[PDB]
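**Student:** Let me begin by handing over the structure; questions about it come next.
Because the Cβ atoms are built from the backbone with ideal geometry, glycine has one as well, and the counts that use them run over all protein chains shown. Nothing in this text is a laboratory measurement; each read-out follows from the coordinates by a stated rule.
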Amino acid sequence: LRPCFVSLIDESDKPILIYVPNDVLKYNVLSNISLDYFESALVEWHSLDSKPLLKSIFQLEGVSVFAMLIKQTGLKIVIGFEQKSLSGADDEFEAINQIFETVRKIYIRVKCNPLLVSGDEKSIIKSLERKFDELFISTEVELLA
Ligand SMILES: [Cl-]
């Protein structure tokens, strides 16, 4: 379940980052399409209960795109996966949900990092990218296989 891309967008609809682990045009387009779902009058972003809801919003060019809105903060998370690799099993949706939770925690830990909290946006973005690399980047060994 290696993501194709991870996008974070803030409560005012300004992108925080579009991360691609390792085209940049493709995922910018997919991210923009996703923002249209967040703005739609016909999308329900929440469950009956308070647990944040994972949504499968669309699939395009072999990328299955999932998204979530954090009700209380307005944070928007968008993650794409390789569609042909997906089983659709319950355990896989639970794994995808875990990835959303982990991405959110990482974000909160970076933006409220004891040093970065008082620093510029560029430094937060750089830190987010390295934290996401530790999770998502394919190793030399994985690439050769
Ligand atoms: Cl949040």
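**Student:** Within the stretch 61-145, list the GluC sites (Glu not before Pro) lying in a DSSP loop whose Cβ has at most 10 other Cβ atoms in a 10 Å radius.
**Tutor:** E61
**Student:** Going by how many other Cβ atoms sit within 10 Å of their own, how do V141, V103 line up, fewest first?
**Tutor:** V141, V103
**Student:** Quote the FRET efficiency, to the nearest 0.05, computed for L86 versus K126 with a Förster distance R0 of 25 Å and r equal to the Cβ-Cβ distance.
**Tutor:** 0.20
**Student:** Projecting each Cα onto the charge dipole of the chain (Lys/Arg +1, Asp/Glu -1 at the beta carbon, about the Cα centre), which of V141, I18, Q83 comes out farthest on the positive side?
**Tutor:** Final value for the positive-end residue is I18.
**Student:** I need the phi-derived Karplus couplings for the stretch 29-44: 6.51 cos²θ - 1.76 cosθ + 1.60, θ = phi - 60°, integer Hz, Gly and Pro marked x.
**Tutor:** With coefficients 6.51, -1.76 and 1.60, one gets 5, 4, 5, 5, 4, 4, 4, 5, 5, 4, 8, 5, 6, 10, 10, 9 Hz.
**Student:** Would you grab the residues whose amide H sits under 5 Å from the one on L53? Only those 5+ places off in sequence or on another chain, please, with H modelled 1.01 Å from N.
**Tutor:** Amide H neighbours of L53: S47, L69.
**Student:** Here is a further query. Rank the residues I108, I77, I57 as a footprinting-exposure proxy: fewest other Cβ atoms within 10 Å of their Cβ go first.
**Tutor:** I108, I57, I77
**Student:** About the Cα centre, and with charges only on the beta carbon of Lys, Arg (+1) and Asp, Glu (-1), how big is the dipole of the chain? Nearest 20 debye, please.
**Tutor:** 420 debye
**Student:** Another question, if that's okay. Enumerate the calculated ³J(HN,Hα) couplings along the stretch 119-135 in order (Karplus 6.51 cos²θ - 1.76 cosθ + 1.60, θ = phi - 60°), each rounded to whole Hz, writing x wherever the residue is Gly or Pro.
**Tutor:** The phi angles translate into x, 7, 4, 4, 5, 4, 4, 4, 5, 4, 4, 5, 5, 6, 3, 4, 8 Hz.
**Student:** Let me ask another. Multiply the residue gap between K111 and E134 by 0.36 nm, knock off their C-alpha separation, and tell me the result in nm, one decimal place.
**Tutor:** 6.6 nm is the gain from fully extending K111 to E134.
**Student:** Over the Cα atoms, compute the radius of gyration (one decimal) and Dmax (the largest Cα-Cα distance, rounded to a whole number) for the chain, in Å.
**Tutor:** Radius of gyration, then largest Cα-Cα span, for the chain: 15.2, 46 Å.
**Student:** For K111, go through the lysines and keep the ones whose alpha-carbon is under 17 Å away, minus same-chain ones fewer than eight residues off.
**Tutor:** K14, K76, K122, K126, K131
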